[PDB]
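Data first, discussion second: the structure below is written as structure tokens.
Values quoted throughout were computed directly from the atomic coordinates according to the rules given, and no laboratory measurement underlies them. Here the Cβ positions follow ideal geometry from the backbone for every residue, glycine too, while neighbour counts run over all protein chains shown.
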Amino acid sequence: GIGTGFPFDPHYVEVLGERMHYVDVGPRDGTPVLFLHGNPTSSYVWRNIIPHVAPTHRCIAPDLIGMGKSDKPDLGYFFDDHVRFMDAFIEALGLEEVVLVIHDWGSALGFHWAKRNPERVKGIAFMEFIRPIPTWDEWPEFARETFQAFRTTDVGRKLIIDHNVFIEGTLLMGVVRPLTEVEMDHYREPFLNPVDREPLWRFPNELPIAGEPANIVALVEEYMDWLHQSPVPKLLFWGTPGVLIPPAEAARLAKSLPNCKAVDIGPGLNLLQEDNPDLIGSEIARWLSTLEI
Ligand SMILES: [Cl-]
């Protein structure tokens, strides 16, 4: 069965005066592979994928600020806050050239960093990633009223902050197979106190949907314009029915994006890592062996 443990040695680095936790396994040299999680996860989401890559490549998986085992400063946890901390995390580790493996809000971080620093990105593997959702009709109908409610300071904070709905409900509605109690306890651990749930609420309020927020829509449009032209090697994982990326969106991206290979993982919603980790890990490792890294 799918692994529930998190065996990785903890590593911590000071970033802008705060401690960030990260996984760091595999060989010390070579080009490192940087894994970026999203909402409401942590490096735990990569726990069954990294073991396929670590035999041949260094794997670095940070917990975003305010998440996982990273510190919890009193921030708004806007996307811009995550950009500042992730930019500084990369520099604090002395990383030069990297391969990115990115998902959900980790994909917005990774694509935005890659567009700004294309000389340092030797490949991008991505899945269920952030793109502009032009209208609410392009958000999945089964989740539409709830994401609209999440994007308010009254109803949305009651759901996400007071009642932890992004962890207890949305997370499960983002995985096809059932999560176990042990897995749920790993996902719950950073958010036992309601006040620590700010990033879980700010993230859906940053999603670029129906033109709002305009600043995020613009930033995401910019990195998508880059991705449609850049020769950077690309590996796209997708599932059915998906959430952010429906199968039809995925198949077209695969042929439109330069130097891109697409991989169908089977049934999947948002956290594709929880539905088919072994295929995602083995395909990343195979694809890495084809790169000039
Ligand atoms: Cl979100």
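Key figures
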item	result
Residue in the stretch 203-215 that is away from the ligand (no atom under 16 Å from the Cβ) and either in contact with a strand residue (DSSP E or B) (Cβ under 9 Å, 6 or more places away or on another chain) or assigned to a loop (DSSP other than H, G, I, E, B) (or both) present	yes
Test: residue in the stretch 264-280 that is among the β-branched types (V, I, T) and assigned to a helix (DSSP H, G or I)	yes
Per-region count, the stretch 117-137, residues of a type outside the set (F, W, Y), part of a helix (DSSP H, G or I) and touching a helix residue (DSSP H, G or I) at 6+ places or on another chain (Cβ under 9 Å)	3
Selection count, the stretch 154-179, where residues are part of a loop (DSSP other than H, G, I, E, B), more than 20 Å from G242 (Cα to Cα) and more than 16 Å from the ligand (Cβ to nearest atom)	2
Hits in the stretch 26-83 - residues which are touching a residue at least 40 places away in the same chain (Cβ under 8 Å), surrounded by fewer than 18 Cβ atoms within 10 Å (Cβ to Cβ) and either among the aromatic types (F, W, Y) or within 16 Å of the ligand (Cβ to nearest atom) (or both)	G76, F78
Residue in the stretch 84-107 that is under 26 Å from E206 (Cβ atoms), within 16 Å of the ligand (Cβ to nearest atom) and among the small types (G, A, S) present	yes
Within the stretch 216-235, considering residues that are part of a helix (DSSP H, G or I) and of a type in the set (D, E, K, R), the one nearest to the ligand (Cβ to nearest atom)	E221
Some residue of the stretch 112-124 being among the polar types (S, T, N, Q), within 16 Å of the ligand (Cβ to nearest atom) and closer than 23 Å to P231 by Cβ	no
